[PDB]
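Provided below as structure tokens are two forms of one protein chain, presented individually as structure 1 and structure 2.
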Structure 1
């Protein structure tokens, strides 16, 4: 008898839902009476499954509707912990304990990523006589990122970027950047949010519009 794990290191996304899993030997039928399932992180109880029911009375109160176990996976020999609305505090080492005619446990480490993938954009036509436009891209994440502006044939362009702490989540950063350039309907430009260690890129395409 041994509790098994498909992977001991997960990297999940900020604000998303996540599923960690522990597998254990199930010879045909499930006898729910013999079954203990237990999950915790950093000493706090996330889930306790006994007599085939979730024991919500004991769930550390910094959960509530955050955490549940996928009841259907059990019959399969899969204790599957789902957590909704992933916060940065959720990163750390988790433990799953399982008793079912033998006992064992496992440890899974969880990393939370806050990428710059929700990019808000806007174009302002500043002066149509000269065709000068102002392009702005902004997004929040961690850690601090630069913005690189490029033309459709990939020349790096000269911008202005402003970094502050986010007002929504305090641990995140806010990054806006502005490019000022003379240009015409249907031209394409790229703003790329880049962070390092390890390198990660997210970029929006901006199309110069035609206004009356």
Structure 2
């Protein structure tokens, strides 16, 4: 009796859905009365499956309403763990243990990437007479990102960035400008360098 994993490394994007496969030999008809399934992640209990019975109250709080064992896959020898809306705390080493006329287990490493690729922008006309505009870009991600404001000719402009807690980074640029002028807000993380940029076009008043 051996449990096998087709992949022991998963790299997943924040907020996505993930199914970790965990295979074990089943001959034709699954004997539910002899099957135990245990999904664990670094002292956190995810799935405690006994002869078809699960009790959601023993599932760790951080996984509640997000982690489930696919019963359809179980019948075919695949103790597949599905995690929806993946978070940063889902990164780690998962252990899937199967008891089914013998017992075995395998480790699966999960990495979660949270890039700043969803930039929310807004442009406010705070004073039409003086043509003063307030440009704001906000994004969530990990790790910490700096925000660089540039003009259309790529000259760096001075804005105000506020970082609070996954990081929530917002930055605001107050500038006197006119319709159709173009500005860029760039969210930059390092080690290694990764950039995500939104283009902001000054609209009609």
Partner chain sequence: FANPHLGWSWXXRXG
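Residue numbers count along the first chain shown, from 1.
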Quick one, which of these two is the form solved in complex with its partner chain? 2
Since one rigid part pivots against the other between structure 1 and structure 2, find the hinge residue among 113, 55, 75, 180. 113
In whole degrees, what is the angle of rotation of the smaller rigid part relative to the larger one between structure 1 and structure 2? 31
